[PDB]
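Novice: Have a look at this one.
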Amino acid sequence: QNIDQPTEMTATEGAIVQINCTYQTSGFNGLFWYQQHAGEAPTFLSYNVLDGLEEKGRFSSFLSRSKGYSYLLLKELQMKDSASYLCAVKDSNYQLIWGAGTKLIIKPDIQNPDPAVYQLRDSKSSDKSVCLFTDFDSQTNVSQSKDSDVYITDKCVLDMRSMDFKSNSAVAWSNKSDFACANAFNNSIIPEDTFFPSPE
Amino acid sequence: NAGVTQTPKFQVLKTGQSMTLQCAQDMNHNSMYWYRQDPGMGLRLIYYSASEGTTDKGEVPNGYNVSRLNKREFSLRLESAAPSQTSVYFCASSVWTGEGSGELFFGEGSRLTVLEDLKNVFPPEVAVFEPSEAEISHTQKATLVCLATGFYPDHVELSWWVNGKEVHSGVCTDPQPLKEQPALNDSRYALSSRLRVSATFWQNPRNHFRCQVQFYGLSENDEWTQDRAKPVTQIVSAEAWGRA
Amino acid sequence: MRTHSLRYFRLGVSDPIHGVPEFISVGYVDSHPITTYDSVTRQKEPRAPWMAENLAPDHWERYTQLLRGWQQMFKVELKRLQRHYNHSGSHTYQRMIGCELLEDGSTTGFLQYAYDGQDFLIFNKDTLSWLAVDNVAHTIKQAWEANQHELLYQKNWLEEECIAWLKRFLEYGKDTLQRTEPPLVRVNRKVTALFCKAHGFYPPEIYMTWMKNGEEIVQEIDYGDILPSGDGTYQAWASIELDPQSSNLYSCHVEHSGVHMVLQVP
Amino acid sequence: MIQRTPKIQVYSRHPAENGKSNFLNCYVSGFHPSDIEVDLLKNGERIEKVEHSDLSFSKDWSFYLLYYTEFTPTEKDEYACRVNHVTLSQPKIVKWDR
Ligand SMILES: [Ca+2]
Ligand SMILES: [Cl-]
């Protein structure tokens, strides 16, 4: 008994993504797709037991019993489709076999990039200095710090619903005396025109 | 109308401690299941109940046991907890089992962390950092940042509160925590979150901002012998007001 | 090989007399029972040695759990039928599912239900629809057909899963299911009739007919049933009435397992 | 309700010869519902050691059963099968005839 699906996939907002699932089972009684957002419960998406393609909204699922192969087709991707997608096959004894799941990552379409690194105000209740890399295009990747006393988070997409506005951001902080925002994201490849406002 | 309800949502355990997870469903289903989810694996069934009045082992029954109390309730029981049982436990239910194309309905999930000793449990340190003046004049937007650092295990829920009400618009909390020391297997964690508001909203001096972190830790019954304060379940917050 | 079939039966009784179970399930390959379960034992057990020797205990454990759930599901369904029939007393609810692997390689598949021993719902896996005999079955039909995935599931099980189980079981008991014991055929007399009697044959599928001067006598022939002898073989017969005023050339014809046989009466 | 009465057939496993050991069969088929009582009779007396198969199922939703005992036919002994069913006012007796 065996079921496989890719570990992780990345596509762009508005594009189309096809999540594959292959299974080697003794007997076949149906294939399920489930959606699981981070931290939450899996919910049922689709079911296929005969060959062909079943369409349902932006999603559609295909099954080939002979090839032992199914895919989940997501069209016109949106940020809310960022989740893990689990594949499950019911075998000859009606026992579910589960794939490891496929984490789907959606890069947002940044209309007006404006990459910049900002120094945030110190908090009188903390010894840390905090720098915010923000407003860069989705092609930019943020690398973890090479220094042990500097902490850098991966990029995060926030959406301001009132302004219909999306932006990427990463945060770097440290309590080291020599820490500065001009050099916080030095181990990453940031855009050429990244705005570095002057200090005081 | 409530679906599948399972408790507790978080739990820390010492090696050898007893624990029982509850699961109920008000959908009049007959089949109930207990799964454990682990990084890199598909769901693995522990025990299932085909109908009221019968249960049977799943794929990984060793170290567990169950009781189909009635039609609604199906509880998972750990006799002597072990570090290998650290996992997220999901309970599910279906109308029938083996009857065709019936889907599963899952509960919210239960995050268990089993430790040899509790001496390395830590609540988070929370601090709020106010927006950059350069960001406001360049983008006409203001980004606050909340840092929850130094906590263990990863049993935290971060939320932003604006003028006393919880907000979600303009928020980006990290989906996965940051290991403060990636080398160690028991490293304490860090978590960052951002709240981005308009410059005009930040510049009202009577707007109140607060990020709070709900930490799930020890309870009254947990023995504590360390010098520092007992890392009980608690809420740690930090605040900031608007500046004109 | 010959045509072979696999089928599973379910029986439910609403208000059974004391001792008798309210649920029974028996599986068959051809005319041999292979599996059994009832609401008294609450265990699924093999009914054939070549089934018990080739299926591990984890198989009987798994399907015991399934049938405990199906027993309850069958109890629920019978309560619903008898309430909507407005019927009091003890009533029966039956189910049969299975498939055939024919000689030429083609397959068939069937699934149907019965209430009080009469047809109730018959599945058509080619139109993906249910046939309802009355308005109580018509209500069940609309509910079962609203779940299009359930119809598709049964079509796959009948056409693919059932056939694959049948091939598996055919190999487990091929010493029994694929053997041939040819029949012993005799004629004798018994107001005078001719009796063509066969016995000691397997499989139980046999054709016996009388012929008068070369033409068939289908309207005048009397056919006995094919009966089990109790030792794994079967017996049957076919009689015909003799004309006291004219002599004719009566000859018995027997067909069994690809071999034709003729006995001329002198 | 359509209740169907049992068809009763009594016969020997082998062609019976007097003095030669054989088996007497009573095959009860085509009845519905499934409650039934079957007895083998020797000279009008119930036989103690009687065997029977499990209740079997037919495609037409009726049931069938086989009751059998080991015996040795003699010229004097008479054999019969006695079946009782919900469709029978009183038990029906079918004598073995060869
Ligand atoms: Ca156990
Ligand atoms: Cl069945």
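Each residue's number is its place along the chain shown, starting with 1.
Per deposition record, X-ray crystallography, 2.4 Å.
Even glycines carry a Cβ here, placed using N, Cα and C.
Per Swiss-Prot, the features are:
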- D:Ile2: glycation site (CARBOHYD)
- D:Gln3: pyrrolidone carboxylic acid (MOD_RES)
- D:6-94: domain 'Ig-like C1-type' (DOMAIN)
- D:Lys20: glycation site (CARBOHYD)
- D:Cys26-D:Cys81: disulfide bond (DISULFID)
- D:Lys42: glycation site (CARBOHYD)
- D:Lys49: glycation site (CARBOHYD)
- D:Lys59: glycation site (CARBOHYD)
- D:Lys92: glycation site (CARBOHYD)
- D:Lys95: glycation site (CARBOHYD)
Novice: Could you say whether, by DSSP, D:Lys59 (glycation site) belongs to a helix, a strand or a coil region?
Specialist: coil
Novice: Taking D:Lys42 (glycation site) as the reference, which of D:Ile2, D:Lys20, D:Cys26, D:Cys81 (the recorded positions) have a CA within 10 A of its CA?
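Specialist: Near D:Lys42 (glycation site) by Cα: D:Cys81.
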Novice: Looking only at C-alpha atoms, tell me how far D:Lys95 (glycation site) is from D:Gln3 (pyrrolidone carboxylic acid), rounded to the nearest Å.
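Specialist: That comes out at 24 Å between the alpha carbons.
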Novice: What's the CA-CA gap between D:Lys59 (glycation site) and D:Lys92 (glycation site) in angstrom, rounded?
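Specialist: Between the alpha carbons of D:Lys59 (glycation site) and D:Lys92 (glycation site) there are 25 Å.
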Novice: Nearest to D:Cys81 (disulfide bond) by Cα distance: which of the glycosylation sites D:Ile2, D:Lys20, D:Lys49, D:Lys92 is it?
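Specialist: It is D:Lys92, whose Cα lies nearest.
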Novice: Can you filter D:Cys26, D:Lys42, D:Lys49, D:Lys59, D:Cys81, D:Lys92 (the recorded positions) down to those whose Cβ is less than 8 Å from some Cβ in chain C?
Specialist: D:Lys59
Novice: Through the lens of DSSP with three states only, how would you label D:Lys95 (glycation site)?
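Specialist: D:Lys95 (glycation site) sits in a strand per DSSP.
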Novice: So which of the glycosylation sites is most packed in, judged by how many other Cβ atoms lie within 10 Å of its Cβ, out of D:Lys49, D:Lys95?
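Specialist: The most densely surrounded of these glycosylation sites is D:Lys95.
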Novice: Inside 10 Å of the Cβ of D:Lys42 (glycation site), count up the other Cβ atoms and send me the figure.
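Specialist: So the Cβ neighbour count for D:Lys42 (glycation site) comes to 15.
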Novice: Between D:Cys26 (disulfide bond) and D:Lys92 (glycation site), what C-alpha distance do you get in Å?
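Specialist: One finds 13 Å between the Cα atoms of these residues.
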Novice: List the Cα distance (Å, whole number) between D:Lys92 (glycation site) and D:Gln3 (pyrrolidone carboxylic acid).
Specialist: 16
